[PDB]
Structures are given as C-alpha cells and as structure tokens.
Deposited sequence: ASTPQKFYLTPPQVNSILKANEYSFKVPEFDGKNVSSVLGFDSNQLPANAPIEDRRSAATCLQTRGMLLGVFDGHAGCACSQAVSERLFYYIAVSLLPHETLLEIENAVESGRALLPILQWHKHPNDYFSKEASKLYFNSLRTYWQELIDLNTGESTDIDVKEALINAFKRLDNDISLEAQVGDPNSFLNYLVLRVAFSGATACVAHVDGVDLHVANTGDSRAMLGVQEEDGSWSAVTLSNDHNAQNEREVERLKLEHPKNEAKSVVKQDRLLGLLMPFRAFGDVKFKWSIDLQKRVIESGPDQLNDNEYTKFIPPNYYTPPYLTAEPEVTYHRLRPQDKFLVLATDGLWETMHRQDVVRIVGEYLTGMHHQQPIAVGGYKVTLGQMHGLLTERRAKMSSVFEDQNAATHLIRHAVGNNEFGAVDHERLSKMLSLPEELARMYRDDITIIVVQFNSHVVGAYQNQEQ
C-alpha cells in the first residue's frame, strides 16, 4: 500500500475459542470483526462475549445515529441484560448475596467500557436482577432488549448529581442505536434484531456453491410487515402520516431502535425533561421500540458462518456477494471482515471528512462454525 493495509487493519480483531483437551470442542470455532469509520468518532459498535454461568456466546453489532452515546451504551450494557435474563433463579440468588463472573468479553483494544457510568449501570442491572428474583431464550432476549431500552428512559429522567454523568444519561436517551445480536449455544442460533442491521447465514450447498440465508428482517420502509405494523399501532387517521418519505414520521430511517426517546416519550415529558428540542408529527406515541424480532435456527453441517453487519456493509453489496466472498475467503479460494471491508470500499477513496459522502460506518462480525461439532449433534 501507500499505507492502506495499516488502515483497513487498524481495527481488526479476531478470536479463537480455546481447545479443550487438545480438541476443538465448541460449535463455534472463532469469529473475525472489523470497523471502518465514515463518521468523526465512529457511530457503529461491535461486541462479543461468552456467557460464564450459562453456556452460549453473544455477538452484536449496533449502529448509532445522532451521536454514539447510545450505541456505546447498548454495546456494553445489552449483553449483561441478556445474560442476567438467562440466569436460573438459584444463580440470581447467589449474585444478590455476593462476586460470580458473568461475561468474558472478547474485545479489541479500541473498544472500551464507560469508566464513569459503571456504578450507575451496575445499579440498574442489580435493580433488574432483584426484580427477576421476586427458560425460553427467545423470551429472554426480548425482555432484555425492552428492559434495557426502558431503563435508558428512566435514567434520562432521573439524571445525576455528577454534572458529567447527568449529561451522559441524556446524550444516551436522545441519540439512538440499532441492535442485531446473535446468541449461540451449541447447535441453537438465535438472532435478536432491532433496526436495519443484519444477520446473514452462509450456507455451503452440496456442489460447494454458497447460499445466503437471512436471519433478520431490516426494520425500515422496504419492510411490508413493518409498515403494516406501524400503522396498526395508531388510529386509522394516522395511516398516512406514520411512515412518510420512507421514514418513521418523515424522520428516522430505522424503524426500531434504542434511545431516540424523541419518538417514544409524551410531548409533555420531552418538555419537562428539556433541562433535541423538537417533536415530529406526533399524536399517539410511542412510535418507536427497541423490541427485537427473534429468529431461531438449528445449525447444520452446511451452515458454515454467520455474518452480522451494519448497513454500511449491506447497502454496498448483494447478500449473495457477501456470503460468496466470505465463503471463498474461508475455504482457501488475514480476516474475513477485513476482506469484506476491502471489497466493500488499487483505489484510495478514503481520505478526510468527505468519506460520508461515499460511505457509511462499516462494522462486521463473521462467526465461523465448527462443522464436525455441529454435525456431531445431528
């Protein structure tokens, strides 16, 4: 390069699930992830963690808008809500007393946790697990998303003594974030999706060709069921106004998300909290949820990898090109997501604050499955 590899690869991570007793024993071999920014501070986020008290692995991509406070928040909190929602009763009790390790994060050095907000965050989680004390995975993911998005709403209202923290809850509730998350326990894949990010299964066909299977539907204006669902959630007189110019109330591209309290709160609460300023065409809120659509897939020996990615990838390529490219990469004919980012974008359309003229933030996780272990459950 004149230095192109240095950039593509600046953020590229990749994790191997450790061998036990000399053998690859998991249905997951490992994953690769990378990000390429188009925005100042990048607005996408990526996360990956292993449940320590329950078996599964969590992976996630989050596409922030109107700042990165909310993608940052959910990129670090959501997995704890999901994890704690999977804990059996007896285990919850343990923790309330004590302390037991919950998640092992697989993060690149550029990913980070919020130092200053840690106490507050633990407190809401704790509050949450206390109430759970007083197990369907699908129904866990759902309540976890909802509960996170709701706590985000409460924390914005409650504010904080610390002027900086008080500011943070607000910046978090007023910016928004998509969320597309995989949970894998053995042969059981669940994909919880909220927004226009996307999980895609790469299937190798018996002739060795590559096929793409969708595990999520983009929650936007192309999505019929979604436009139908928005209308049904409001009086008939709104059917014309709910979605316009392909946007939620003429504004938001993604039709589901965290934060974005502007599209959820009553006008009077937006006013009282105003201590941003503008509401939409806005009669019967809330208009927007963080509640995810959840898909289950039982893994097969054909099922070779899962690509989770924000729309910066997807707007660029056909689903089939993504799965083919990764398909060929993994199979001989480095990091799969660096590769996809390279095709997505010899050619130096990169430099400067004119990038988001030509591209979005791109964040990609490629999980690779262990066909022998998966096939061993067949």
{"query": "Unmodelled ranges, which are counted on the deposited sequence from position 1 and given in order", "finding": "1-10, 109-114, 151-158, 300-311, 370-404, 417-430, 464-467"}
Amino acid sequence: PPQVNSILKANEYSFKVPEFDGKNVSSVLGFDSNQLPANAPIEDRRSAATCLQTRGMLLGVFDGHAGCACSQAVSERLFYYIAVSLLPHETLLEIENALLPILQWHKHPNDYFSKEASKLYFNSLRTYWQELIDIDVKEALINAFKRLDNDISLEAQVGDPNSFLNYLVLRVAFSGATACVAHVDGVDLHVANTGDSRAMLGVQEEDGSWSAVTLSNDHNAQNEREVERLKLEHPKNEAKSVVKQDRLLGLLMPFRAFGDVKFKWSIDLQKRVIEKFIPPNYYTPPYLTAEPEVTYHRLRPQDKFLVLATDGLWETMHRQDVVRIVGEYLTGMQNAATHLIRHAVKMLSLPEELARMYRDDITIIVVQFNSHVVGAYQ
From here on, numbers count along this sequence of modelled residues.
item	value
Stretch exceeding the other in mean C-alpha B-factor - 39-47, 315-323	315-323
Mean Cα B-factor comparison, 117-125 or 182-190, giving the higher one as deposited	117-125
Out of 56, 64, 60, 351, residue topping the C-alpha B-factor column of the entry	351
Candidate residues 307, 252, 232, 83, the one whose C-alpha B factor the record puts highest	232
Entry-reported Cα temperature factor of residue 292, expressed as the chain third it lands in	lowest
B-factor third for the C-alpha atom of residue 358 within its chain	highest
Residue 106 - which third its CA temperature factor falls in, relative to the rest of the chain	middle
Entry-reported Cα temperature factor of residue 196, expressed as the chain third it lands in	lowest
Ranked against its chain, the third holding the CA B-factor of residue 283	middle
